[PDB]
Each structure stands twice: as structure tokens, then as C-alpha cells.
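Provided below as C-alpha cells are two forms of one protein chain, presented individually as structure 1 and structure 2.
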Structure 1
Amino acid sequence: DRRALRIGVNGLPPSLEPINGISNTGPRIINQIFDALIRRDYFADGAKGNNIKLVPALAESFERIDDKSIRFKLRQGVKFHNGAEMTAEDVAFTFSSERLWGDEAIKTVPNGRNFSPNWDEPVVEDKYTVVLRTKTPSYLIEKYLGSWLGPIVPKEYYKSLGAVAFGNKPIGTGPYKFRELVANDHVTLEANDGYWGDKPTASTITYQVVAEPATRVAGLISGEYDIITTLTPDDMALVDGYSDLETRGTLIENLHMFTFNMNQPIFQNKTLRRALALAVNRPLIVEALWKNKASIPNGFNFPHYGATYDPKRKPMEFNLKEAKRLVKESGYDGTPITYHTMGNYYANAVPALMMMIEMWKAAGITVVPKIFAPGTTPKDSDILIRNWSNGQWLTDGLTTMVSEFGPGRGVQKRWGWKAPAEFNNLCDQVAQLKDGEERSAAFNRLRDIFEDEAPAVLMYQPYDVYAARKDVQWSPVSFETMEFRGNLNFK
């Protein structure tokens, strides 16, 4: 009786395990399978899918005890998709040393510690009461638990499988349950009619990989999909000529960027990294490819950071003359530098690259495109420049400056960035510091080092564009996810 929803996607995540699936492609599936203790109510008070309001979800209520602990009273009678009841034991397990942040845990959940605050072990007080806490003060615990770090996993089932196998056969409490997957092809979910919240409106949801955006557009037109993802503003004219189809877009809390393998000699030092940054004329790219709908941040700095947004910070400059001076200072010898991109996995990746190649040529640098196919993982040692994105996943400036670029984390450890000591000291400091003038100035000091060092170059916040049949009522949200709770009606 309920319609089956068909979504043509840019790709599938490497896992459906909540943390290992953090990516542009995972939340749209993981949000359906799981619930967290707290949900972001994107559409509260008439907001156009960008409200930050956090409301109770698997937690019926909660109260902060002190600067490092929160007591959660859980909703009773919630079931996981395998029939097991959700209790404090599952919530404690979700945020335990064993699963998330301990030495052994991070062998199978590699960013469990990197992305977490300084957790202490959860304390189970009764079947429906758990205290979540940090070893040191943290004013962000609530925000973490309402984020993509927050999905609650089933303790016994997850332990029986381990994180890798669980990521191929996930069980949660959410409105849709996992049915099947074929790697790099599709994921099918089915309605969980035993859902504790509003009943699911779709009988099944299928996420089908269609890597090429032109093919994905053609598939919505030809009636193969109900919704398609990862389009650009210029794709609106291909869709909108048809009366029964439309585009739906919004600025999302994500940053497109490019970054460097700083283990490679040409990028061991900051000079050429910063020259490449200064040579990009972002306004021109945004005009040409984005209809002026993408937003160029004034540093690693967004309005949804709230108290750590600095509206007075100056934008990063486009300065060709200075880029040229830094190319000469760097001793650049004319070697062609590759830029790897997995096609248009990121919207406008290839057109933006081709515009940037011309800007880099104007600075005296030869950059060559290396477009690779889905499922052809380039070796780290073969990467010079690559594109990437970072979801700005708390309403706080700590992410992703600290969570990606901080001490011991991926950019420094895997990709070789030799950050100044003071950068790493500031990263550690801001995690214990309450919002206020001092925290805002510390983030500006981090941003200054980040700009000087250029371990990555921020391009813009994309204007995310989906296309859909008008007979499917669904609004996008300002994040790299799809929300169907209270937001998916057919006809």
C-alpha cells in the first residue's frame, strides 16, 4: 500500500556502522536505521530546514549534573530491529571505551577517539538511566550526542559481529530497517512498523549508486528515481522544464576543500601550499558554476558555529601576485602536480578543478587532473593534491578544525602535516573552555595558523541540490543528510 522510495545517489558509504559511515553518503541511510538520544529538529518554528534546536529522542529527558556529566532518562519500551529492548546498557556501550574510544576500539572504529570529546566510561544507574561524562570539563556533550557521533547501537548484537561486520548488517531503533546491500551498487531499507516514533511512510527505501550526475538526472526524468542527490544549480534547467519534477536545494553545513599529502616533499613545507591557495579566485568559480548560491567562508568560520562564528573576520584573499612570489620562494621547479578527484562525487568537482588548473597555470604552476573511478582507491603515496569535504557537524567551531586537523588526528598523522606546537596547544585548550571572548579569540588564533600553514584550502560551502518528483513531498535540510521524520509524504 505505501509507495517504495527510490533515491539515485552519488555513492554509498564504506560502512553503515554510525561512525565508520561518516561521509557525504552515509547519514542519508544511517539516519533511517538509527536514532540518537537527542535529535536536531531542523524544521522547528517554521525554519527552512536549518534550525539547530535539539530535542529529546531516545532520551525522554536529561539534565546536566555538572561541567562533565549529564544524566539521561531513557524512553521505555523502544526496540531494536532484532527485537532486543533498548536499555542504558546499549547507551553505555555506544559511548564506552570498548566500542568507541579505547585503544582496541579504534582499530575497527578508526575515528572513534579523534572525533569524540574526552569521554570517561558511562555509568549505568538503572535500566533506563545512564550518565554520560567526560574526564575533563566539556560544555559540548549535548551537541555531541545530537550529532552523527550519537546513533545508539545494540550492545549484544554489535559485540557478536564486531564493527566491520555490523557495518554490513546494521541493527538500530530507527524508522527503517536494513534489508540488503550490494557494495558500490545499492542499499535497500524496509519500513520498521514497530517504530517508537511517527510511523514510516515508505514501504522500502532504495539508495542506488549512479555515479555520473548526467545519468542520475536522466534517471529521474526517465522515471527510475523519485529523488536524486548531489546536483548543481545549473542542473535545475535540465529538470525544471518538466512540470512534474523540480529541484530542491539549500546551503548545507559542509565545506568543499582541497588538501595535500604533506608526506610528499613538494608539500612538506607551507610555502607552495599557501601559493596554491592564494591563486584561487573563488568568487569567479562561484559565479561561473554555482549561480552565486555557494557561500565562501570568511576563514574556517561559519554562522552555525554560533558563539564561535566571527562575522568580522576578513575573507581569504585571491592574490595572484603574491601567489607568484611564493611559487618563486618555494623553489618550485615546474614539476606537474596531480589533483585526484573521484569524478563528481562532490558536486562541481571536475568543473571547479578545471577552473582552478587555469588559475594555477597563471601562477606558474602545472597541475594535472587525475580523475579516478568509484572503487579504485588510490594509494596514499600516489596522492599530491586531492579534493575533500568536511561536514561542520556541531553548532560549534571545534569541528572540523580540531576534529580533522588537531593533534594526533588524520591530517597530522596520516597526511603528514607538521603543525606548529601552538596550534596543537590551542586545539587542546578550546575543548575545555566555555564560550566567550577567550574562546572566540582562541579560534581566531587557530584560523590564523591554519591560513598560514594551508594544510587544506577551503573552497566554499556548497548549495546542495536534489531533484525530485513533485508527488514526493520532502524538504532538504542544511546538512549532508536526508530527514524523513515528519518530512516524507506521497501524492
Structure 2
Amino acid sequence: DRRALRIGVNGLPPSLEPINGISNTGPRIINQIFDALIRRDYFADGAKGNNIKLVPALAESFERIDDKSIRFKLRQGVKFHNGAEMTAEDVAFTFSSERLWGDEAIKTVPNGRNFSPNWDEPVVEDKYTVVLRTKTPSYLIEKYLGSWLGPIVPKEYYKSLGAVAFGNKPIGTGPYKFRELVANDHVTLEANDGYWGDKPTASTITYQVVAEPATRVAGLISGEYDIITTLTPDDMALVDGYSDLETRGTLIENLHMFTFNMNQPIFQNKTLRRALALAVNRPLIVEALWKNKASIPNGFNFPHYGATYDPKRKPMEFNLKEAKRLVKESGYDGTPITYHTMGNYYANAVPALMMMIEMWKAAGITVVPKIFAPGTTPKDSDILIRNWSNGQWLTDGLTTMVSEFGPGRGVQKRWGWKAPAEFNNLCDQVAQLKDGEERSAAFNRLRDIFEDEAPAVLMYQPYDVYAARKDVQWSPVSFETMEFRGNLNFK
């Protein structure tokens, strides 16, 4: 009675364990197998899949009891896919030092401490009540639990298999249960008719890897796929021309940028980093390669940040004479600077780079491409400039300016950014502060420091394009995932 759903995808994650599967390709599958305590309700109040409203999901109700603790009252009688009942022991295990943020845990789940606030050990008060708490103040616990950190795992099944084996045979409470995985080929899920929420509308969901965008578009035309992912604005006209097919695009909460190896003499000072930033003409790149669909953020600042989004912050400056002042004052002698890119792993990376090289040539800077094929692992010492992307994964300003560029993180520790003292003092404060005038003002000093220091240069917020058959009613969300709850109906 229910149709099977076939999705032609760019790739599969390295794991289906919630944290180890975090990637461009994992959440779209993980979001079906699992539930979190809190759910982001993207379509609430008629919003076009970009709402930041958080609602209870596996938690029946919850109350913030102090600046660092939340008492969760869980839904009772909810079952995981293996028949086990979801209790406070499973929720406590999900955010425990043993599984997620302990020294031993991060050797099997490397980003468990990185994608978490400063957690303290959960407290099980009774079978269905757990307090999730942070060691120091945190008014972001709710946002973290409604993010990709949130999926609740079964304690006893997860511990008998271990994180690695659990990632290949996952068990959750979600609307679709795991059926099979064929590495680098496909994942098939089947309807969970015992689901506590609404009945699943597809009998099965298959995520089939089709690496080439054109082969993926061909599969949708022929009837091999119902929905296809990872297209660009340049692919829209061909798909929209067909009467029974259409494109469904959205601005995603991701940031395309380029960053520097600041250990290197040429990039230890901010002077040349700023010159490269002040010489990039972002509207011309967005106009020529993204059909004007990509958005240029007005700083390290996006609407989904909520209380910490500043709509009055002015655009990032494009001043060629100021760049030329910095290139000359830096003592730059015309030595070629390489720009590493793994081809077009990020959409339009090579075309955007070729446009930026000519802009950089006007500021008296010589930059050369260094296109390395997938498989070639370049050494850190060989990197001057490299392209990068960052998923803006909390519905808050903390991610990624504080979470990636802050103290003790890769940009400063691995890539040698010597951030000013104020930046690392304000980073630790905004993690502990409550929303208001003080926190919002502190996010502007962090943004001002970021632009003047230029440890990275933000390019734009990419426009993600999906294509689907018109007889499949499903709307994209503004994040790198797929939501089918209240959003998947077959005509």
C-alpha cells in the first residue's frame, strides 16, 4: 500500500553511529533511524524549512532548573527497533563520559567532546527522569540537544557491539529502521510501524550512491530515483524543463571559505591574510557561478543564529587600495602562494579559485592553483592557502566562529592562528552567557576581531539544489539533512 522511496545521493557517511556519521551525507540517513530529546521544527508557523523553533521530541516535557541543568521527563513506553524500552539509562548513556566526552570515549568517537558543551555526568533521578548538565554555565544545552549531537542510542545494544560495529548495524527509536548497508553503494531502511510519532509514509527508503551529477539527473529522468541530492544552480534549467520533474533548492546553513596555514612565515601576520580578503569581489563570483542564488553573509553571521544574528551588521569590505597598502607593508616579494583544492569537492571551487586569482593579481599578489585528486593526502607543511567549509550546526552564533576558531581548537593549535587575548576571553564567555545585549555585543567584537585578523576568509553561504518527481511531495530544509516527518506524501 505504501510506495518505496529511492534517493540518488552523492555518497554515504563513514558510519551510521550518530556522531561518527556527522558529514554532508550522514544526517539525511541518521535523522530517520534516530530521535533526539528535542526536535528542530523547520516548517513551524508556515516557514520555508528554515525555522529554528525547538520542540520536545523523546522528552515528554523539560524544565531548565538552573544556568547549567535541565530536568527531562521522558516519554514512557517508547521502544527502540530491537524491542528495548527507551529509559533514563539510555539518555544518560548517550551524553555520558563513557560513550561521548570522556578521554577514552573520544578515541572511538573523535568529535564527542568537540560537538558537546562542557558536559558534567548525567543524573538518572528515576526510570523516566534525567538531568543533563554542564560543569560550567551554559544556556545552549537545549540547542545542543536539538542538534546532530542529540540522537538517543540504546545503552545495552550499543555497548555489546561497540561504536564501530553499532555504526554498521544501528538501532534507534526513529520512523525508519536499519535493513542493510553495502559500503560506498547503498543504505536501505524500512518503515518502523511501532514508531511513537506519526506513521512512516514510505515502505522503504534507499539512499543509492551515484557519484556523477549527470548520471544522477539521468536516473531521475528514467525512473530509477524519486529524489536526487547535491546539484548546483547550473543544473536547474534541464530538470525544470521536464513536466513531471522539478528542482527544490534552498540556502543551507553551511559556509564556503578559504583559510591559511598560519605557521608559515607568509601567513603568521594578519597583514597579507587581510589583503587577500579585502581583494575578493564576492558578488561577481556569486553572480557568475551561482546564478545569484548563493548568499554573502554580513560577517560570520547567519539568520539561523537567532538572538545572536545581527541584521544591521554591514557587508564584509572589498577595498583594493587597502589590500595594496597591506601587500606592500607586509614585505611580500611576489613569491607564488599555492591554493590547495580537492578539485570540486566543494561546488564551484576551481571556477571560484580562477576568479579569485585575477582579483588577487590586481592587489599585486601571485596565487597559483594546486588541484590534488581525491586520495592524495597533502602534508600540512605543503599548505599555504586551502579551501574549506563549515556546517553552521547550532541554531546559535557559537558555531563555527567560536567552535572552530576558538581556544584549544584546530585553527589555533594545528594551523597556528595567534588570536588576540580578547578573542579567546570573549569565546569562553559567549559559551557561558545567556542571550541578551551583553552576549550579542560580545559576538560583534568577536566578528570585528575575526575580520581584522582574517584566519579565514568567508566566501558565501552555498545554495543546495535537490530534484524530485512532482508526484513526491517533500520540501528541503535549510540544513544538510532530509526531514520526512510531516513532509513526505505520495500523490
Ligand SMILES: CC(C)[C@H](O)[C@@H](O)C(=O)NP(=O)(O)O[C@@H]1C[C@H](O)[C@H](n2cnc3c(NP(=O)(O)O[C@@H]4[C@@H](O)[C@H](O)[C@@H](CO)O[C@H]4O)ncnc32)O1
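Every residue number counts along structure 1's sequence, beginning with 1. Whichever C-alpha set is largest while still superposing within 1.5 Å between the two forms counts as the rigid core.
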{"property": "Chain form solved without the ligand: structure number out of two", "result": "2"}
{"property": "Pivot point of the rigid parts between structures 1 and 2 (hinge, one of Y463, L74, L289, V367)", "result": "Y463"}
{"property": "Smaller rigid part, angle turned between structures 1 and 2 (C-alpha superposition) in °", "result": "15"}
{"property": "Once the two forms are fitted on their core, CA shift of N281 between structures 1 and 2 in Å", "result": "4.1"}
{"property": "For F443, CA displacement between structures 1 and 2 after the core is overlaid, in Å", "result": "3.6"}
{"property": "Core-fitted comparison between structures 1 and 2 - CA shift at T400, Å", "result": "1.8"}
